[PDB]
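Single chain ahead, by itself, as structure tokens, in the form deposited in one PDB entry.
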């Protein structure tokens, strides 16, 4: 009993490179299910998925991240637990191989702080301090020669040159365990030639991801993860906005109206010539657990992968805008249902 849905970016996935994108999404789903079947917490499950997605040298997160203006790697990552509603995140973090692991550990410590442990522990750390906290907590440090790849280094030089004259490939995942507990996480390398210290949506509470279990004013346990233009997702606090919209009976219609009204037609992005973003969503309710999963995006395409523990084989797919639709002006949306024991 368990379900996972992951994504490897919302932007453009060429037919020639589609294969690679889907393969990492497949592996990420398996890592997540393994954790669930092994009795792990939902958060540890999404973290396992994200570690796999970050580790791919082809994703703008962890190893392979876009090099900033100075040719350095600074990552943003966050995670949320639907049961405890606790959160963990890091921004402008360099020197660490798996940013999500740090965000996960901040979340874990935060949980330890609830059982009477002085003032609330930090949920958000950035830069040098985030690095120090990671190391001091036993998290593996990673050298620049390992975080950087020949290709990212080469893109850096090109980008620099183009100034004197891919980045949308971020990652995310959502999971629901057999008890109905959900969790979500997101990780990113940020904009390709960003100014040092720039923090994007992947580190911001409510913007990058969201996870909230069923409650008095929350009939469904919901989890959301985002991708696309970081700035667009932040100004609209998209993840949380999608989670709240999903409380409506018709999930597909609620997500569609959100992407159209609260995103594309949002007054907060009125000055933009095209709004770019995508989301993966999970909604669950106890009856067995009925799970509804969906993905929506305004980008050319979005790579997704999902898997049910009882089913066994991951399904991967590149969602594309239909003929006629225009990237940044229209919305693509697809989904399905699965019942868990």
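The term rigid core refers to the most C-alpha atoms you can superpose between the two forms while keeping them within 1.5 Å. Residue numbers count along the first chain shown, from 1.
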Practice item. Indicate whether the chain is continuous between residue 165 and residue 166 or, if not, how many deposited residues are absent from the coordinates: none, 1 to 3, 4 to 9, or 10 or more. Key: 10 or more
Review point. Can you say how many deposited residues have no coordinates in the span between residue 287 and residue 288, choosing none, 1 to 3, 4 to 9, or 10 or more?
Key: 10 or more
Review point. Looking at the deposited entry, does 31-39 or 294-302 carry the larger mean Cα B-factor?
Key: 31-39
Check your understanding: For the C-alpha atoms alone, is the average B factor greater in 75-83 or in 138-146, going by the entry?
Key -> 138-146
Practice item. Kindly indicate the residue among 219, 190, 88, 197 with the greatest C-alpha B-factor in the PDB record. Key: 219
Revision key, fill the gap. Split the chain's modelled residues into thirds by Cα B-factor; residue 115 lands in the highest
Check your understanding: By its CA B factor, does residue 179 count among the lowest, middle or highest third of the modelled residues in the chain?
Key -> highest
Exercise for review: Determine, from the deposited record, the chain-internal third of the Cα B-factor for residue 155: lowest, middle or highest.
Suggested key: highest
Study note, to complete from the structure: Split the chain's modelled residues into thirds by Cα B-factor; residue 282 lands in the lowest
Practice item. Divide the modelled residues of the chain into thirds by Cα B-factor and specify which third, lowest, middle or highest, holds residue 17. Key: highest
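What comes next is about the form deposited in another entry, which does not appear here.
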**Study point:** Which of 128, 257, 231, 72 is displaced between the shown form and the other one by 2 angstroms or more at its C-alpha, rigid core aligned
**Key:** 231
**Study point:** Pairwise C-alpha change, residue 327 versus residue 234, in the other entry against this form - closer or farther, 3 angstroms or more
**Key:** closer
Check your understanding: Quick one: residue 234 and residue 259 C-alpha atoms, closer or farther in the other entry compared with this form (3 angstroms or more)?
Key -> closer
